[PDB]
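Basis for what follows: all heavy atoms, side chains included, without hydrogens, waters or symmetry-related copies. Chain letters run A, B, ... following the sequence lines, proteins first, then strands; residues in each count from 1.
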4 protein chains.
Amino acid sequence: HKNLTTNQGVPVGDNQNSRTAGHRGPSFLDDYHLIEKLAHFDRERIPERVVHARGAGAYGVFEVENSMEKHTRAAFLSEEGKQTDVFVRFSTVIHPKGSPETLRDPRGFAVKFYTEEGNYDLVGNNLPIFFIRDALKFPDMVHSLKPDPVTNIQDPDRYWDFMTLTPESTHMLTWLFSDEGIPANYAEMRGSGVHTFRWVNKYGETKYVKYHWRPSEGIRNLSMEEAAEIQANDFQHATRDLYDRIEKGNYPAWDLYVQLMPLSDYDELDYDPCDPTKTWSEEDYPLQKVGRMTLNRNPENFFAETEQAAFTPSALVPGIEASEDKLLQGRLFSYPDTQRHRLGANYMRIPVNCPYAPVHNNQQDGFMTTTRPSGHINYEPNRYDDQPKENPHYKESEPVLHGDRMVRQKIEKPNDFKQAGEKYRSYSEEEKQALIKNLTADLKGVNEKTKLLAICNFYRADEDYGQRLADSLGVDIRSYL
Amino acid sequence: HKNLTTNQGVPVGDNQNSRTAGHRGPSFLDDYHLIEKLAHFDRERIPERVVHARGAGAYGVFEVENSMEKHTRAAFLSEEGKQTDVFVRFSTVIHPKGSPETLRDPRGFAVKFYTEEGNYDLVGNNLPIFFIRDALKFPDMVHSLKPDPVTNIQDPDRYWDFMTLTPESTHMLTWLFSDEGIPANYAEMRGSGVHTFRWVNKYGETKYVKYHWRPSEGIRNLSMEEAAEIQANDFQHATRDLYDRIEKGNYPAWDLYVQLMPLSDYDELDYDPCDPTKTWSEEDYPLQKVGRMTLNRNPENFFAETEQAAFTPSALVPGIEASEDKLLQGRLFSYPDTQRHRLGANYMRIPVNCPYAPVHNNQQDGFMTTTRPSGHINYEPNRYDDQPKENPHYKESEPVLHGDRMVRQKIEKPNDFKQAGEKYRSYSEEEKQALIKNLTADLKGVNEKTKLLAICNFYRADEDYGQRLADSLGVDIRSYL
Amino acid sequence: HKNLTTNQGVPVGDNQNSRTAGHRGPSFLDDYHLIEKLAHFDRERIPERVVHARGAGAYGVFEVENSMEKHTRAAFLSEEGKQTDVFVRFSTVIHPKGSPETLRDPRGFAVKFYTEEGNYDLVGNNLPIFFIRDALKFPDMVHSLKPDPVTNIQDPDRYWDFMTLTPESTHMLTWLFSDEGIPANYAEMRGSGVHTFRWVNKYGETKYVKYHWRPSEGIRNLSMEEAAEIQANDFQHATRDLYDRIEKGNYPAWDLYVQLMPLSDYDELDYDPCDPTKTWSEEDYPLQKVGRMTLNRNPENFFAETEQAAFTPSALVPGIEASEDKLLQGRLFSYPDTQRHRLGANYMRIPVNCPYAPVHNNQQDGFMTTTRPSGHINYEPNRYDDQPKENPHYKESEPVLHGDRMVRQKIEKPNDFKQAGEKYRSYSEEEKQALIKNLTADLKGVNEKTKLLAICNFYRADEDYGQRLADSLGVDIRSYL
Amino acid sequence: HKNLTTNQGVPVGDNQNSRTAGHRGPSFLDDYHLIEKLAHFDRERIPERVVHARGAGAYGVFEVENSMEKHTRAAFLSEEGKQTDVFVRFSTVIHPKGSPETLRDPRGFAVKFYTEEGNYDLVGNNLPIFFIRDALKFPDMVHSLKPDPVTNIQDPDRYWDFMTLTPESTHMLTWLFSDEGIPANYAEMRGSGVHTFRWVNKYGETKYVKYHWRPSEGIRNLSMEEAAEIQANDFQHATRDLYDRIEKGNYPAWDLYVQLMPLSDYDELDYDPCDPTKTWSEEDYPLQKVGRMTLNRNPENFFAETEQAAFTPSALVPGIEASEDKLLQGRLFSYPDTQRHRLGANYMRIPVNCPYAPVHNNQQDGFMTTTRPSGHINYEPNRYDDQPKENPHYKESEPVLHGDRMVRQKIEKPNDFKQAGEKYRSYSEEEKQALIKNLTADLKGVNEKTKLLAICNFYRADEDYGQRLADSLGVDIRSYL
Ligand code: HEM
Ligand code: HEM
Ligand SMILES: COc1ccccc1O
Ligand SMILES: COc1ccccc1O
Ligand SMILES: COc1ccccc1O
Ligand SMILES: [Cl-]
Ligand SMILES: [Cl-]
Ligand SMILES: [Cl-]
Ligand SMILES: [Cl-]
Ligand SMILES: [Cl-]
Ligand SMILES: [Cl-]
Ligand code: NA
Ligand code: NA
């Protein structure tokens, strides 16, 4: 048994009735419990994430099967058997909190590893590529895909306008409009790092790496019809599924694989290996097994742990570095930037975001300082040998720059259509039919000029792809061939 | 033709490429356009409303048919033909911003009248009563109805626990579980002030008043099955429907009626006329036509106008005053309170919230001061005849207090069951079948003890109601009768 | 030895140099440590208190000498020898952080008692009365006294405009323009609760109470000349003094006394005993010793503990209640209100604000949720016996209301001038001279009409006081006499 | 004559009395005017600037005397006679908003030019160099100089610890401990850009440029004793002086001069021309007159204009670019960053901050959206020829990068002591005496080892400097010599 109390620790005598002039009269201002309780209610909500607002979290463990020390000095990957606690959030992308989990979208796949050398965030999606290759375009891309700013309804005429005029999107669209654009749930779903990262070993040698998560539960996707049926009865089916699996003891798991490429292979390829619109051939750069992640624990409070969770691709640990990918480069900034807004200057003290590794630095103050700070010395250099010092063992590498000037210029070898054509041709006939069906339903009402340009981009990827789409939309494209 | 610019008004040379070390190198910190564009994008979102997060807005006009000067000095009601501009937001209640408009819930019906004596907000719902009668219970009621704080899914076991232990909810539930708990859209929907207010005329005479909005399009509802069919294909059907009606010139309208009651009828009744769990008899207190509101204009920007709209029941105008309704009394506080959090201290300067009537006072400063203030004098009293002064013509009435002590006590004659029974009996057989169906689907999984208490509360309302529900749920209630 | 780390727990390899293109080139965006460090630095500051911005804090203990159980059931006062931890903040009033502590002003004297029945804040000042008697005037009073909104300099012509037109200020100004308007430091200074409160014993019997703190170090003040001498060399002399006393083991202390008055004495006094412009006679209501507060510990971190401290007069504990004082009644609302803005919705979880008594309630979420919440049940009533419940032993009293209407009306017996005259006459000749000197220096540059009305108010208090001031200012008052 | 109104535009009937239970009872919650008025009062304050919190603003005009088109394509400098409106804020640095203007500190000298090609901020100080040369050290430097985080008093032992271990500070300290560390006021004060910037002309040719403002009122400094004598009687003397000059029509003015250096002079020098701890010789790089700025208009409201003013060194206009100065590079980020926190995401819409040039871009939403946005198209590229487009005529230059790796490394030729010695020797004997006097008063109580290292740094600058200081401090340095 417990007393209901105010926030001052005073027990509440009556949690039913406001304080009033007799039994039916108007209310008094001197009702601290009423005002405190309403005022805190009135302040429950914080801004939702600007994208990936709808999602679900769980905790688990990552266990290494094969040490990666030949390629990275990352502590959490150093030894067979080594276990690292994770927190993972899965999500949709475009619509707000409360939106259905039956909509076409990439799905987020964000993993926070609580390592002995700091938190490592691998902030992935299910699909292995992206629509754009420079962060400068992200707000434009997002705005195009978001509900129209007048109507509050998503409009394919808007996002296809953007995408058609951004032909580097063609590969991504060739995946997103497969039925893998609507995963069945968060467990039966792929995971990808998307970007090339740099792995640096004990000798200082660097390789490029890509990360892949393969679900133990296999990949299951929904057709448009299957998605509609689920939407009719449950707008939160994936959130429900994840919680329920774990509550029943049916823990979902993913194997982690990497591809590795020498830096020197840039020069021989017909694409830029750090263009995130590109994959790497699994023939030429085979998947290498790293380990397994198992999610086995629901959070205790959805708001405090899942809603407040903060991931950033710049949360890198020794041995794992950013590549020069210009999309990634902007992410390094945007995540901690948004999070200071969404969660507060001290968001890294919120429990789910705290490292297991010790934190010692000269930062101070900010809204909601809860950490009981002490001491006179908040500056370095200082004369005190016991105060925190820099540690040169933990310097990052020094990537070689191939450019000579500060420029705003597209990467060389953009090669916008080739891989989209390869993906198309890798599709089974059924999968090619689903792709065309899903494209057609999406494009059939868009502006004719934008429609034609979409067809043209897909035709440039593969003639049979473009032509099939034209046939299905009833567009004759002979005069242009 | 126009230049794309920074916020400093500098034209942007390249909105495609970040600034980098050659065409494929990493990105530079000296890229003001990138950082400004991403930093603003990173800050687009503000907290959603704590309830009624999902909604849609329109502008229109209200026109008086019958002047109401005999009963209220309210300027906007003073002459036949008098037109007042309005802004209206409709909404659901419980789920977040992107949630479906096919869920069971009261619907919000919030009308802002831009009058010559200030803005008047009549913050209504479709249903004419409420679940509770004291604001002190609102955060509890809401928390019970909201998604579970661990799972992020609404749980009938939690809200029926609260409602069954809060038997004054029995009338509301008798309406909410009719098919009117899912209006077909926002146009074919009832509107109600819910609370009793006080109207005061120019002689200082007071009457109790209730407000009712009657849709020109008629009232139409959805069965559970009809709602699921809509949900399968559109999770923003009501938002879509409202925008489309107005865009095509098919403007939805409502007629405004009032009921009027003398304060001296309190002892005539077997309920408290200011208990918002109660309606008033239309036989004994007939509906009196006031005028008609037509919605004829969509907003230009959903975020700036609909999302940032701020209504409060305390935005009262001379001649229209609060009643003593303890639920209403807390609303007077909570709305401006939550708005200062959600929107900023200066939220009343956001265009949609601005009065048409002049504003002049001694308030100053606060985040985002955009109004070009001037002058030395920001205090009253002062020696300057030209500075703003109080105007005693605009004093509010002085309601008589019947109580002689500051108390926390339930009203007398709560009468929790009788009107629920009267409503039940007023239903057609088809409507009674829908009600029992809807209740049964909602109750069939809840804790048995809570299920029995639900049945008991409805049985106390009407024996046939309670027994039918018991029969439909398979609960034998013989031992209690 | 300790590593300097990022907030992610990664050790820092170089805390001297930004990451750049060669040893002298421009900076890269991929410098997480730079950006994290700068971004936190960029967010150190929170809004200063709207008043009392300049101040200093210490911890200590309060020990009861005489148990007060005959007059209040307050747990912390229930037994001889009972010790309660305190946190105290002293302050000036009008000027910002960084302003000198040699300015004329009331001094704040805010004491937070960490009791077994919750936190109790007694938010006092040194001087025992106030300028105004209704909270509606507070922002006007403050705006008049604050630096002019154009010039950013305080202007006596502004505040004397307000004060002269607010004659209830006359008693306060007769204290504030004694040399007690500049205490020598925070230790050699009076403390006062200012308002009448209600004390309620275990039989439910109520008395009016006033609180007084008497410094063990004596009361010492500064002339205008002595203040200027200090100001030349130290603008934080009182903060310095407090810290230095405690660091040296010279702990300052104050004895707590109360005056007690029966509620029934209202009716035969020639002033309202709950008018905070009035004191109570120490002959007719003698001071009764309660106990002693000793300050013996400096905070570990000024920002986290002193700057973020939050006191409210509405933080009352069982047995101690507000009176009807209309000034106090607004304070009940304003403090938690401003603190939610200044510090966050969860400001009551900042360590210095946390009670020692357990907190258990159904509030949730809000910015910077750091408390590791758990459980499914965040609403009451609920079916669970183990969840927090109200406790009727802790209900507040039910004060009798003497009025029968909701009114806006000044109190009866305002008696604006009599106690100002009594205070004047109680001064020594030297003290009278200082008063007239201090007033003259303040008034000599104000608008002539305002200057005359000041003189008139002081003359109404005492004809010698007013005539001496008129003579000292060179104002001929013959035509009025 | 005007009515006092609420923010809803309703005239206030009584601005003196709260609404209460009779004339002397407690206050009612239903008092919208009370609550709105207090709640706005409660939210007046915003965070002060993290440095340069104390300051004062004025408006004026900058007129070109000599067109600079041969060296920069900057539009505001393109023609003799061309006039540009400015806003200027002057400041101290370390202490908070209300702190005295008599303290030793650089003084801020921030100029916003409202040009036809966007706002250009030149965010200078009076002194022409800085303490440090890499932004990564700025939070350390500041934290050392700021009041101790326990005591809230500045401690020379803390900042001398930092500075002695940061010997690049030696030049700066040799200026700051001259009497120029305390300017007499803001009019009789130097101004400096401090950094090297890049000027780029219409042919794309780049020169390095340094900016200097020369007061029409001449330079006047205060001794420590003169500063104390002013501090005794006025803590806002420089704010007062500036307002009062302009109010009287005695408008202060500064002539703007530049020095210009070819990029190729790098190897001609024994320092780095982009090391902000260095000046350039006026013999070798003579001052060239550009024009004159006159301040002639005080602001209408100090909060709205001066307090909410936002300047950033990254507010550059075509033809003026950042240099590679690593201090400046961090500033490019930190200002807008801090401003988003201090003022809100939309701070660029606060009137003082708004450009005169048109702003058109695809940014949207954020707290306090007041600008009446409209339209469907908030993304680029898009198919609409009338929507804003990039303009290649306004591309920035492409500076050449000399380094071939991403490094963290000190510049070559840091040369920490030579220019400090040159400055020392340039001082008159009276100025040298003041310097030694000021240093000795500052150093006499610091840790002996720190004190000796200070002496050593100054001795390395000039033997006579160091020896005189050692003598004055009573430190025997024979035996290090
Ligand atoms: C320039 C490109 C991108 C930018 C600028 C960007 C920016 C952001 C921002 C600001 C957030 C909100 C973070 C928060 O509020 O905590 C977010 C969320 C997210 N983004 Fe990105 N994003 C980009 C591309 C991508 C890519 C390529 C992926 C995956 C590879 C991705 C995956 C995610 C995920 C999974 C989340 C949700 C994190 C969570 O669960 O809390 N984004 N993004
Ligand atoms: C209606 C009249 C008054 C109002 C509306 C008012 C309002 C406020 C507010 C809003 C603050 C800032 C609190 C914070 O941010 O934590 C404050 C501080 C303060 N007020 Fe008042 N006040 C009033 C009268 C008085 C009176 C009568 C006293 C003493 C009896 C007083 C003593 C103080 C003190 C000591 C502080 C500083 C507390 C601290 O150390 O943080 N005030 N006041
Ligand atoms: C007030 O909202 C609700 C009522 C009944 C069932 C579901 C809800 O979301
Ligand atoms: C950065 O300015 C300072 C230098 C020396 C002493 C005090 C200061 O605030
Ligand atoms: C050249 O060495 C020194 C000079 C002055 C003070 C201390 C030293 O170590
Ligand atoms: Cl640090
Ligand atoms: Cl707030
Ligand atoms: Cl006002
Ligand atoms: Cl609660
Ligand atoms: Cl921010
Ligand atoms: Cl843009
Ligand atoms: Na009429
Ligand atoms: Na006793």
Side-chain angles (χ1 to χ4, degrees), chain A residues 18 21 25-31 34-35 137 139-146 148-151 155 158-159 161-162 164-166 337 340-341 345 362-365 373-384 395-408 447 449-450 453, chain D residues 18 21 25-31 34-35 137 139-146 148-151 155 158-159 161-162 164-166 333 337 340-341 345 362-365 373-384 395-408 447 449-450:
Chain A
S18 300
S27 297
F28 287 113
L29 189 58
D30 180 18
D31 188 345
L34 176 66
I35 302 303
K137 306 310 303 183
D140 296 301
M141 188 201 85
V142 174
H143 289 178
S144 86
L145 284 162
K146 284 274 180 173
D148 177 297
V150 186
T151 65
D155 184 357
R158 299 175 77 267
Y159 62 73
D161 186 31
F162 178 84
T164 59
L165 295 172
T166 305
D337 183 60
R340 297 163 185 123
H341 160 78
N362 289 126
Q363 301 179 29
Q364 67 180 8
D365 306 354
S374 64
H376 290 260
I377 306 305
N378 62 356
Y379 64 88
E380 195 279 326
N382 60 66
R383 68 166 86 102
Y384 304 91
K395 283 190 78 181
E396 62 237 293
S397 80
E398 296 180 338
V400 168
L401 302 168
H402 297 292
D404 231 74
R405 287 185 167 249
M406 309 178 79
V407 307
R408 300 185 183 271
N447 166 272
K449 185 181 76 206
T450 294
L453 186 53
Chain D
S18 298
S27 300
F28 284 114
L29 188 61
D30 179 16
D31 189 340
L34 177 67
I35 302 300
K137 302 313 299 186
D140 299 296
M141 188 201 84
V142 173
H143 285 183
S144 82
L145 285 161
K146 282 275 179 173
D148 179 296
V150 190
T151 65
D155 186 357
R158 299 174 79 264
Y159 65 75
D161 186 25
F162 177 88
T164 59
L165 296 174
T166 306
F333 164 69
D337 184 58
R340 295 164 191 127
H341 159 80
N362 290 127
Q363 302 180 27
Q364 70 180 7
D365 305 353
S374 65
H376 293 263
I377 309 304
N378 60 357
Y379 62 91
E380 194 281 323
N382 60 66
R383 64 182 177 252
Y384 306 93
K395 284 191 77 182
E396 64 264 271
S397 79
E398 298 180 333
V400 172
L401 303 168
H402 297 290
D404 85 298
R405 287 187 149 82
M406 314 177 77
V407 305
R408 300 184 183 268
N447 167 275
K449 184 181 76 206
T450 295

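Note: A:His143 leads A:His143, A:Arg340, A:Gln363 in heavy-atom pairs under 4.5 Å with chain D. When A:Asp148, A:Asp161, A:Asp404, A:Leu29 are compared by the number of non-hydrogen pairs under 4.5 Å with chain D, A:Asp161 comes out ahead. Ranked by heavy-atom pairs shorter than 4.5 Å toward chain D, the options A:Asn447, A:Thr450, A:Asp155 are led by A:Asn447.
To the nearest 0.5 Å, the span separating CD1 on A:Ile377 from CG on D:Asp140 amounts to 11.5 Å.
Smallest separation of non-hydrogen atoms from A:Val150 and D:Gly375: CG2-O, 3.4 Å. In plain terms, the two heavy atoms of A:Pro149 and D:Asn378 that are nearest each other are CG-ND2, 3.8 Å.
For a residue to count as touching a neighbouring chain, one of its non-hydrogen atoms must lie under 4.5 Å from one of that chain's; by this rule A:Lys449 touches chain D with the side chain only. Neither the backbone nor the side chain of D:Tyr159 comes within contact range of chain A, judged by heavy atoms closer than 4.5 Å. Looking at A:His402, neither its backbone nor its side chain comes within 4.5 Å of chain D, counting heavy atoms on both sides. Proximity to chain D involves both the backbone and the side chain of A:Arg408, based on heavy atoms less than 4.5 angstrom apart. For chain A, the nearby part of D:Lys137 is the side chain; its heavy atoms alone come within less than 4.5 Å. A:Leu453 does not touch chain D: none of its heavy atoms, backbone or side chain, sits under 4.5 Å away. For D:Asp337, the part lying under 4.5 angstrom from a heavy atom of chain A is the side chain only.
Side chain of D:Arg158 to main chain of A:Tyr379: no donor-acceptor pair is present (N/O by atom type, distance under 3.5 Å, no hydrogens or angles).
For D:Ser397, the side chain to side chain contact (heavy atoms under 4.5 Å, CB included) partners two or more places apart in sequence, or in a different chain, are D:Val200, D:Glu321, D:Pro399. In terms of the side chain to side chain contact (heavy atoms under 4.5 Å, CB included) criterion, residue partners of D:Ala21 (sequence neighbours excluded) are, by chain and number, A:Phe28, B:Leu401, C:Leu401, D:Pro26, D:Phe28.
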